[PDB]
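Participant: sequence plus experimental coordinates follow:
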Amino acid sequence: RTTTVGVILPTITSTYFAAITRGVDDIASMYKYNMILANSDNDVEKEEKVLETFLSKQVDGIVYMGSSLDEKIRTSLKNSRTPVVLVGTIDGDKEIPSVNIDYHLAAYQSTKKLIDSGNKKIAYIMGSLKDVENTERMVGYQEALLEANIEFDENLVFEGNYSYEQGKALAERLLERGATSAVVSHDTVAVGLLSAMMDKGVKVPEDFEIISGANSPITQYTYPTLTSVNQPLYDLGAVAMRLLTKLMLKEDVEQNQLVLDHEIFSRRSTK
Amino acid sequence: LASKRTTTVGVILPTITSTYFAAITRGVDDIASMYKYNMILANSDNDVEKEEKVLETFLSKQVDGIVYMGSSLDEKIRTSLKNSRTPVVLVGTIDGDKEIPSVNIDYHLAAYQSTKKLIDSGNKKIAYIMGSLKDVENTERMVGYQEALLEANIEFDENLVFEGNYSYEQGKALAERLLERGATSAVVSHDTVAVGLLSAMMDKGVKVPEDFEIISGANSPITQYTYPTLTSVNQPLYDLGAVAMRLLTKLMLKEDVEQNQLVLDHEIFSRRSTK
């Protein structure tokens, strides 16, 4: 009976999720664990069916990646009692083990960088505010604005953004609001935003600045290249797999909400 | 009298972080999952020692069939598979003997059409950036490239062919090498390499497409995220995987297959890295 691990992610074609998955696989490979991978496409019905399949295959542990853990997906795990680690997302109840960066600190640091280069109207483009990662970003953004005596304005926060196409469509909205810069949670959206600014003939970084959220490979594929928060994507996966290993061995775990360090990589899209 | 083990497919690819190989792999997965087959994915990093170990693990697990992806099938690997007797299909590479089943585009025609497009926008010094020339697919790209030059009365120059290039970092490092030889455009077989070449041209302030033009090889998912937008041969990556897994399904059922060297159509998508 070889240890078998189930990995769920939206799509192996994502440069974000694939980087994380590679870290998971490398560790599993080192310990000779079997790996079953499933693409959810962020479809909760699909995620539910995948978990039923994992149970039928008697997996020993699960690694979960996604936009958010749906409440249904929390319950299925509860009833199975299979050891589980979330990577790049957080359980609202803070009970399911997880590996992430400090989203609050990153949002603070990114916003302060833009304040410090002269910006007074700073947009924050994020995913769903129902998710803890984004509530944390909002707090960080707000802390930076307050410290600089800039009034918070809800109309410069743009929620529910995940795609390249959404990023492209946001450019004209940000300009009409007088935004001179943006922090962007998702690299896909940041690439779309930059591309639309450049095609409008906006000067980047002279008149508009952008900081992206993860430093997946695609942040280097635009010119100007994207300044980004660096999430240690390979290590998120490797650290998650090591933690799942302890849980599957029934070794004691002090802290199960693991936080990895980040930094900001400065590129051409900031002054 | 229990049912036979669920059919199990072994899939070997250099790395899951190539969106080119990941897109193919989703086509394989979808067809295999339709029959509720088990899928095992293994990363080889294009290392022949790693490939040999992966096959040992597959052959010992008694997988029912193998899909192989990678730069090309090594003789150690080819014999392993011939000593293994496992049904196998290659995707994105071609066996020299042409006995092993495979699914590909027509690399000759794609390389001919790409080179001619740059000829027709006035380029006279055109680089070709590839992997190992020894591989069949790359000798086919070479024939198509040379055919285009010949028809335009351009002399072939081996010094504008750059072999052994697989990564974004390699693409970036080639930029000045092309400029120093007076190349004004390039056809690039791998998207990661093309994106690297474009990044470096833009970093150096070279005008694209006015002074330098680039055509990439597959239009994998990463190509959507370039700025400027990247002209590319579009390979039907999902279909390459699906078509391969359909073929393998027949082999594993002991069904005779007529045509085992399958070739899918491609197109060229013109974007802002060409004139």
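Facilitator: Perfect, I can see it now. Residues are numbered from 1 along each chain as shown, chains lettered A, B, ... in the order given.
Participant: chain B contacts on the stretch 51-200 of chain A?
Facilitator: Contact residues (CB under 8 Å from any CB of the partner chain) of the stretch 51-200 of chain A with chain B: A:164, A:188, A:191, A:194, A:195, A:198. For every residue, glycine as well, the C-beta is placed using N, CA and C.
Participant: ignoring the adjacent residues along the chain, who's closest to the third one?
Facilitator: Distances taken as CB to CB, 6 or more residues apart in numbering or on different chains put residue B:225 closest to residue A:191, at 4.7 Å, once the chain neighbours are dropped.
Participant: would you confirm that the one you found contacts residue A:223?
Facilitator: No - Residue B:225 lies out of contact with residue A:223 (CB atoms under 8 Å); the separation is 11.9 Å.
Participant: for those two, indicate the residue with more neighbours.
Facilitator: A side-by-side neighbour count of residue B:225 and residue A:223, using other CB atoms under 10 Å in any protein chain shown, places residue B:225 first with 26 against 23.
Participant: so residue A:161 sits against residue A:127, correct?
Facilitator: Yes - the pair residue A:161 and residue A:127 passes the contact test of CB under 8 Å, sitting 6.5 Å apart.
Participant: list the residues that contact both of those two?
Facilitator: When contacts are counted by CB atoms under 8 Å, 6 or more residues apart in numbering or on different chains, residue A:161 and residue A:127 are jointly contacted by A:185, A:186.
Participant: if I pick the residue of the stretch 151-271 of chain A found nearest chain B, what's in contact with it?
Facilitator: In the stretch 151-271 of chain A, no residue comes nearer to chain B than residue A:223, which is 3.5 Å away by CB to the nearest CB. Under the criterion of CB under 8 Å, 6+ apart, the contact list for residue A:223 reads A:268, B:198, B:199, B:202, B:203, B:227, B:228.
Participant: ok, which stretches of chain A are helices?
Facilitator: For chain A, helices defined by DSSP state H occupy the ranges A:15-30, A:44-56, A:71-80, A:103-116, A:132-147, A:164-176, A:187-199, A:233-248.
Participant: quick one: contacts for residue A:234?
Facilitator: Residues in contact with residue A:234, defined by CB under 8 Å, 6+ apart, are A:19, A:20, A:22, A:23, A:26.
Participant: in chain A, which residue is closest to the centre?
Facilitator: Nearest to the geometric centre of chain A sits residue A:88, at 5.3 Å (CA atoms, centre = their mean).
Participant: ok, now which ones touch that one?
Facilitator: Taking CB under 8 Å, 6+ apart as the definition, contacts of residue A:88 comprise A:16, A:17, A:20, A:65, A:99, A:100, A:133, A:231, A:236.
Participant: go again with 7 Å.
Facilitator: By CB atoms under 7 Å, 6 or more residues apart in numbering or on different chains, residue A:88 lies in contact with A:20, A:65, A:100, A:236.
Participant: pretty sure the first one contacts residue A:237?
Facilitator: Yes - checked against CB atoms under 7 Å, the pair residue A:20 and residue A:237 is within contact range at 4.2 Å.
Participant: shared neighbours, these two?
Facilitator: residue A:87.
Participant: hang on, isn't residue A:90 packed against residue A:96?
Facilitator: No - with contact defined as CB under 7 Å, residue A:90 does not count as touching residue A:96 (8.6 Å).
Participant: which ones are touching residue A:85?
Facilitator: Shown in contact with residue A:85 (CB under 7 Å, 6+ apart): A:63, A:97, A:98, A:99, A:240, A:243, A:244.
Participant: let's see it at 6 Å
Facilitator: A:63, A:97, A:240, A:243, A:244 (CB atoms under 6 Å, 6 or more residues apart in numbering or on different chains).
Participant: quick one: the first one and residue A:9 touch, right?
Facilitator: No - when contacts are counted by CB atoms under 6 Å, residue A:63 is not listed as touching residue A:9 (8.3 Å).
Participant: identify the contacts common to those two.
Facilitator: With contacts defined as CB under 6 Å, 6+ apart, no residue is adjacent to both residue A:63 and residue A:9.
Participant: where does the stretch 1-150 of chain A get nearest to chain B, residue-wise?
Facilitator: When scored by CB to the nearest CB, the stretch 1-150 of chain A has residue A:12 as its residue closest to chain B, at 4.3 Å.
Participant: so what sits opposite residue A:37 in the bridge?
Facilitator: Applying DSSP bridges to residue A:37 yields these beta-bridge partners: residue A:7.
Participant: report whether the expected contact of it with residue A:6 is present.
Facilitator: No - the pair residue A:37 and residue A:6 fails to qualify as a contact (CB under 6 Å) at a distance of 8.1 Å.
Participant: shared neighbours, these two?
Facilitator: Residues touching both residue A:37 and residue A:6 by CB under 6 Å, 6+ apart: none at all.
Participant: just checking, residue A:193 touches residue A:167?
Facilitator: Yes - in this structure, residue A:193 sits in contact with residue A:167. The criterion is CB under 6 Å, and the distance is 4.1 Å.
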